[PDB]
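Each number in our numbering corresponds to the 1-based position in the sequence shown with 1056 added.
Backbone N, C-alpha and C define an ideal beta-carbon position, used for all residues, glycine too.
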Amino acid sequence: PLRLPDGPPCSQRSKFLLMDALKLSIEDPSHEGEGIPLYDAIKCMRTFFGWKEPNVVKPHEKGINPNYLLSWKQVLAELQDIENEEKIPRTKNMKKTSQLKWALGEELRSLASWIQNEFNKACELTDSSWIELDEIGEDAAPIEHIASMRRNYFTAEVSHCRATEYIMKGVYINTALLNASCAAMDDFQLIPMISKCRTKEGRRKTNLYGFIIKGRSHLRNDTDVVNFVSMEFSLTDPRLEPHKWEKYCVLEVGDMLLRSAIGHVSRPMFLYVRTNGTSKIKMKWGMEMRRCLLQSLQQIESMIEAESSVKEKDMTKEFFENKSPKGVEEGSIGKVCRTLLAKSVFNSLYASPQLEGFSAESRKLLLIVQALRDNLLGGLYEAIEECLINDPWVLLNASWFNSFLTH
Ligand SMILES: Cn1ncc2c(NCc3ccc(Cl)cc3)ncnc21
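In structure tokens:
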């Protein structure tokens, strides 16, 4: 089996919160400015009244925590500035304050259990649909009948999937930043983190996860970096899994009244803050996250076009309806679709050279081991294990890979 590294537990490294995010939402919006992110965010902000004086509750151990506190206070100050203006601007350029100049820039780890938990959360369904019925595909021509049937069965099973929400979240924020990176090169622009869903009842909703502030972005090449500060709401207390949050300063910024299985309960609302950066090429990929839906669909269609060659008839219906196989090992056809999707999305969210190395070399050891398995290599192990350092996503697949070696 593979040897995973020893060390302190791995920490979160995505460009935004995943299972820990928190949404401020408005239903079927129709205010003077429905569709301009700044107007949407403010209207989501004013939905919430439990704000309170913020303080640091889990410090970033390598950054200057007074500057993170001041930056969040500045956001509320400048948002409150917009409140006082007669009209609402289309965008907001933050004052180039001391805290923002500092925050915008102007070793072995062990597998922690939070990343498997993220992956499990990415496979669940939500109350809300995140994509339209004809979202998947780029076809110039109308789709033939069999393709259409598969595309609609598959969309039924993943439209509400949590991984799909990560897709649209990511596409939104990456489009917003990439565009801002070009239209406001010298500004510290305030960029809402938005997404849009439809409820089980049919209502269009708008969600605010928090805010980005981008720094100077004269991105001349694909690999040039624009730094940014992320500020994300959450009900997750950082003191439970502090190792998850090494890269973050976390503030407590309000209290929130929630329906629960015990009735109404008041929980603190937190605000996860970190500095971070991205590049033109990374943001272009982030805008492409819908292809995760298409790539997941194809892996599904592959299993069907396989079964269909063996039975001389189209097995699309009998596969999705679960009518030779005798069940579905994940539980249901639906969980197989969402599982494939979640893996593809997390490949995107945690894209790394260590993942591209591990993916190639481990497939080599895979075909060798199951060749040996049903019929009865030391440098290869070093290639694969040269990828096992500190990435939570690489390490978790390596953990998964070792299960396959036992069964
Ligand atoms: C009692 N109370 N109410 C609000 C509040 C707060 N946040 C200010 C705020 C809230 C929303 C916006 Cl769009 C701008 C600024 N901070 C501390 N106490 C507070």
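Taking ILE1229 as reference, the option from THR1211, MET1345 and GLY1319 with the minimal CA-CA separation is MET1345. As computed with DSSP, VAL1282 is found in a beta bridge with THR1334. Under the three-state reduction of DSSP output, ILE1356 falls in the helix class. Counting of Cβ neighbours within 10 angstroms places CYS1238 among the exposed residues, the total staying below 16. Runs of the alpha helix (DSSP H) lying entirely within the stretch 1369-1430 and spanning at least 4 residues, in chain order: 1372-1376, 1389-1405 and 1409-1429. Secondary structure within the stretch 1101-1177: the beta strand (DSSP E) runs of 3 or more consecutive residues, fully enclosed, are 1107-1114 (chain order).
Around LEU1350, the same chain offers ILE1192 as residues with beta carbons nearer than 6 Å, after the five sequence neighbours per side are excluded. Residue burial is scored here from C-beta neighbours: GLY1319 has fewer than 16 other C-beta atoms within 10 angstroms and is therefore classed as exposed.
Going by DSSP, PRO1448 is part of the alpha helix (DSSP H) stretching over 1448-1462.
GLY1435 carries a helical assignment under DSSP once its states are collapsed to helix, strand and coil. With contacts defined by Cβ atoms closer than 8 Å, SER1185 and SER1154 do not form a contacting pair.
Near ligand 1, meaning a Cβ closer than 7 Å to any of its heavy atoms, lie the following residues in chain order: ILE1098, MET1101, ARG1102, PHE1105, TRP1107, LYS1108, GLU1109, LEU1132, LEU1135, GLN1136 and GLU1139. A contact is defined here as three or more CB-CB pairs under 8 Å, and the stretch 1158-1168 fails this definition with respect to the stretch 1094-1107. A straight-line Cα-Cα distance of about 30 Å links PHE1457 and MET1371. One alpha carbon belongs to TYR1304, the other to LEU1327, and they sit about 10 Å apart. Residue range 1305-1314 is occupied by the beta strand (DSSP E) that includes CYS1305. DSSP places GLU1083 inside the beta strand (DSSP E), whose first and last residues are 1080-1083. In the structure shown, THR1182 adopts coil according to DSSP, grouped into three states.
The C-alpha of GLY1383 lies about 44 Å from the C-alpha of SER1335. Under a 10 Å Cβ-count criterion, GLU1194 is classified as exposed, with fewer than 16 other Cβ atoms of the shown protein chains found around its own Cβ.
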